[PDB]
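Visitor: Residue numbers (the deposited numbering), protein chains in the order written: chain B, 1 to 191; chain A, 1 to 191. Submitted below is the structure of interest, expressed as structure tokens.
2 protein chains.
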Amino acid sequence: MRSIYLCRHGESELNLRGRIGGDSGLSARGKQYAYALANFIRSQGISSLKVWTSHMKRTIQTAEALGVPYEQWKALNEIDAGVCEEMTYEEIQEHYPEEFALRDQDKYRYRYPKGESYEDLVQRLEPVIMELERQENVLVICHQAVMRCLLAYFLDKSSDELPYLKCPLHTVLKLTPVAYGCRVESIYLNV
Amino acid sequence: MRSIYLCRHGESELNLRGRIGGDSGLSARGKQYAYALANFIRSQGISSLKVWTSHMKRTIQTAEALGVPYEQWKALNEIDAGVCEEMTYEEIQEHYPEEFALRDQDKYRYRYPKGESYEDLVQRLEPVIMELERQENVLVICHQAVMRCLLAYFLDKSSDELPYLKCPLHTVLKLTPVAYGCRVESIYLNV
Ligand SMILES: Nc1nc2c(ncn2[C@@H]2O[C@H](COP(=O)(O)OP(=O)(O)OP(=O)(O)O)[C@@H](O)[C@H]2O)c(=O)[nH]1
Ligand SMILES: Nc1nc2c(ncn2[C@@H]2O[C@H](COP(=O)(O)OP(=O)(O)OP(=O)(O)O)[C@@H](O)[C@H]2O)c(=O)[nH]1
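Here it is, written out as structure tokens:
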């Protein structure tokens, strides 16, 4: 039976430092998770697993720790925050006060100045989902907003539930598509 | 005419780093706001101004720049994050995934493990609201949650919308209560 493993990149510099978006590398702890992930995968004993990542350094560095070939997707790249890229929630409140609240009205269709929205991201992911269906066993090392859209698809969640799906760092969601839908198991790798 | 100048302490080191709670001091930019705030106060030509701060290093440090006396109130201390003290919103999502989700159901009544809620803080702020009410011109250098509770009281906002009120850093809100309720004047101090 096939299964799709979804998880985020290891903790990044910006993650640890309190900032969103950007293209930072893995933190010391992030690298540790990469090795923990490699251990978990090997533990699964999967037949010919294909590893997918985005173009972001964080996803790549995580895959590098798997010692197996990985395919890069520009579509798996994290949502563009635009003007408030690499900013903290406090900086966003200070420099873009009305935008911060505008989001609360509709987090799915909300779009940051010069950036994407969850609705946009869902659309940009269409190609990936298509391929995900054609594959057997796949490990998609991605991002928060991305993992939420992917998860929402397989778990048939509404556009409302989507922006609030649990996609923490160092947690691998193993989806096993079945007749009634798709089973899910949460594996937290503590490092 | 009497005004209640509510403002948050100047940016702290922890604010800049991504973390909630703690007892850190003002960053260099935070200190700059302390000085800007002092300049603003003088320009106001205010009569017998009373400065109130909390016992936190960040509020004291802001008051010092004013060059005027100020009284400290433990009741004005920021809401306790309990076990989540000094964590980032990612660390919370990772180590306390269920807690994070539960909070989203009721931001007002959500209480941190070993900490408090907005409801708890309201009770704690009761005597502050009273003295503040029976006072004249008053400057209160406080924190985010605290400023929200105070503001909601004077603007007669429901507990429902309380946690979402705009309380960005480096912004002083001049509150002048008048017959139909209370008037506000948002003063942004760019530094
Ligand atoms: N308002 C607010 N936004 C935050 C905070 N921390 C991160 N954000 C940003 O708020 C938006 C959505 O928040 P979340 O649903 O928690 O995460 P996300 O949508 O997957 O965002 P990305 O960070 O782009 O993945 C994103 O642009 C986040 O980067 C915070 O404390 N407050
Ligand atoms: N989980 C999470 N908590 C955050 C974030 N930004 C701030 N917090 C903390 O989450 C709680 C509620 O968030 P907010 O309503 O934005 O702010 P607050 O309640 O005034 O927070 P305090 O800073 O504790 O007063 C508080 O304890 C915040 O410190 C974030 O992005 N994620």
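Built from N, CA and C at the ideal position, the CB exists for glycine as well.
1) Among all the DSSP beta bridges, which residues are the ones paired with residue 70 (chain B)?
2) Residue 88 (chain B) by DSSP, collapsed to three states: which one?
3) Could you please give the first and the last residue of the uninterrupted beta strand (DSSP E) stretch that includes residue 181 (chain B)?
4) Can you determine whether any heavy atom of ligand 1 sits closer than 7 Å to the C-beta of residue 100 (chain A), and answer yes or no?
5) Who are the neighbours of residue 101 (chain A) on chain B, taking C-beta pairs under 8 Å?
6) How would you list, in chain order, the residues of chain B whose beta-carbon sits under 7 Å from the beta-carbon of residue 97 (chain A)?
7) So, is residue 34 (chain A) buried or exposed, given that buried needs 16 or more other C-beta atoms within 10 angstroms?
8) Taking Cβ-Cβ distances shorter than 7 Å, what residues in chain B pair up with residue 176 (chain A)?
9) With a threshold of 8 Å between beta carbons, is residue 135 (chain A) in contact with chain B?
10) Nearest-angstrom Cα distance between residue 82 (chain B) and residue 130 (chain A)?
11) Let me check one thing: in DSSP terms, what residues is residue 97 (chain A) bridge-paired to?
12) Could you give the first and the last residue of the continuous beta strand (DSSP E) run that contains residue 7 (chain A)?
13) Tell me whether residue 15 (chain A) is buried or exposed, calling it buried when 16 or more other Cβ atoms sit within 10 Å of its Cβ.
14) Chain B partners of residue 88 (chain A), CB-CB under 7 Å?
15) Identify the contact partners of residue 15 (chain A) in chain B, using a Cβ-Cβ distance below 7 Å as the criterion.
16) Tell me the DSSP bridge mates of residue 171 (chain B)?
17) Using a C-beta cutoff of 8 Å, does residue 156 (chain B) count as contacting chain A?
18) Residues in the same chain with beta-carbon distance under 7 Å from residue 22 (chain A), minus the five sequence neighbours each way, listed in chain order, please.
19) Mind listing the chain A neighbours of residue 104 (chain B)? Cutoff is C-beta to C-beta under 9 Å, in chain order.
20) If we ignore side chains and look at the alpha-carbon of each, how far apart do residue 112 (chain A) and residue 99 (chain A) end up?
21) What do you get for residue 144 (chain A), buried or exposed, if any count of 16 or more other CB atoms within 10 angstroms of its CB means buried?
22) If you compare alpha carbons, which of B:171, B:164, B:114 is closest to residue 140 (chain B)?
23) Just the C-alpha distance for residue 47 (chain A) and residue 191 (chain B), rounded to the nearest angstrom, thanks.
24) Considering Cα atoms alone, identify which of B:10, B:180, B:4, B:2 is closest to residue 94 (chain A).
25) Under 7 Å: does the beta carbon of residue 163 (chain B) sit that close to some heavy atom of ligand 3?
26) What is the rounded straight-line gap between the Cα of residue 32 (chain A) and the Cα of residue 26 (chain A)?
27) According to DSSP, is residue 12 (chain A) part of a helix, a strand, or is it coil?
28) Using three-state DSSP, classify residue 102 (chain B) as helix, strand or coil.
29) Let me know if residue 117 (chain A) comes out buried or exposed under the rule of 16 or more other beta-carbons within 10 Å of its beta-carbon.
30) Any chance the CB of residue 79 (chain B) is under 7 Å from a heavy atom of ligand 1?
31) Buried or exposed for residue 134 (chain A), going by 16 or more other Cβ atoms inside 10 Å?
32) Taking C-beta pairs closer than 8 Å, name the residues in chain A that residue 93 (chain B) reaches, listed in chain order.
33) What is the C-beta distance between residue 169 (chain A) and residue 161 (chain B), in whole angstroms, given that I count them as a contact (C-beta under 8 Å)?
34) Could you check the C-alpha separation between residue 152 (chain B) and residue 56 (chain B) for me, to the nearest Å?
35) Measuring CB to CB, does residue 173 (chain B) end up less than 8 Å from residue 7 (chain B)?
36) Less than 7 Å separating the Cβ of residue 144 (chain B) from some heavy atom of ligand 2?
Guide: Let's see:
1) B:51
2) Of the three classes helix, strand and coil, the one that applies to residue 88 (chain B) here is coil, per DSSP.
3) 181 to 188
4) No; taking the cut-off as 7 Å, the Cβ of residue 100 (chain A) has no heavy atom of ligand 1 nearer than that.
5) 164, 166
6) 166, 168
7) By the neighbour-count criterion, in which a residue is buried when 16 or more other Cβ atoms sit within 10 angstroms of its Cβ, residue 34 (chain A) is buried.
8) Those within 7 Å of residue 176 (chain A) in chain B number zero; the least Cβ separation is about 21 Å.
9) no
10) Whole-angstrom Cα-Cα distance: 44 Å.
11) None, per the DSSP bridge assignment.
12) 4 to 8
13) buried
14) 18
15) 90
16) B:188
17) No, no contact with chain A.
18) 14, 85, 86
19) 164
20) 8 Å
21) By the neighbour-count criterion, in which 16 or more other beta carbons inside 10 Å mark a residue as buried, residue 144 (chain A) falls on the buried side.
22) B:171
23) 57 Å
24) B:10
25) The model depicted lacks ligand 3 and carries ligand 1 and ligand 2 instead.
26) 9 Å
27) strand
28) helix
29) Looking at its Cβ environment, which holds 16 or more other Cβ atoms inside 10 Å, residue 117 (chain A) is buried.
30) Checking the 7 Å criterion, the Cβ of residue 79 (chain B) is within range of a heavy atom belonging to ligand 1.
31) exposed
32) 166, 167, 168, 169
33) Between residue 161 (chain B) and residue 169 (chain A) the Cβ distance is about 32 Å, and since that is not below 8 Å, they are no contact.
34) 22 Å
35) yes
36) no
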